[PDB]
Amino acid sequence: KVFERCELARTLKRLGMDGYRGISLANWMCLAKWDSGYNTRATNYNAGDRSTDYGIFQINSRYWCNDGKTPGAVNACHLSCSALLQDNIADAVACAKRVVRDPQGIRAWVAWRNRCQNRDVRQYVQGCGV
């Protein structure tokens, strides 16, 4: 499913993402936009290390979810990567919360560092009613 901007902002708010571990909703929105274009079906294979990033939050198969074909997988979220390709993002949100409980927080995602860090991210939630 490809979410509309404000539809996703309200969805994330309901799921407890606003201010989770000190991370504002706008920051999560900036990440989802740049890493997947708000698309739950997005997948990106990393030919070099043989891992795959899944879903709206592009969660990696080496560290977080299990797809059974990634060398050195840890499966920290204890989830099948399949769960990250659903239209319902509850599982993706639960895993994203797990990722940011590590010290690095949202810095774990390169897309956030590249397109969001030290930037005005307010535009992402403007007019959404959140």
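Shown for chain A, in order and in Swiss-Prot numbering: 19-148.
The deposited model was determined using X-ray crystallography, 1.7 Å.
Including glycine, each Cβ sits where the backbone N, Cα and C put it.
Noted from Swiss-Prot: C48 is disulfide-bonded to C134, selected from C134, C146. Closest in space to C48 (disulfide bond), of the recorded positions given as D71, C83, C113, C146, is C146, taking the CA atom of each residue.
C24 (disulfide bond): 16 other CB atoms within 10 A of its CB, across all protein chains. Nearest by CA distance to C134 (disulfide bond), out of the disulfide-bonded residues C24, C83, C99, is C24. Within 10 Å of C95 (disulfide bond), counting C-alpha to C-alpha distances, fall the following of the recorded positions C24, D71, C83, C146: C83.
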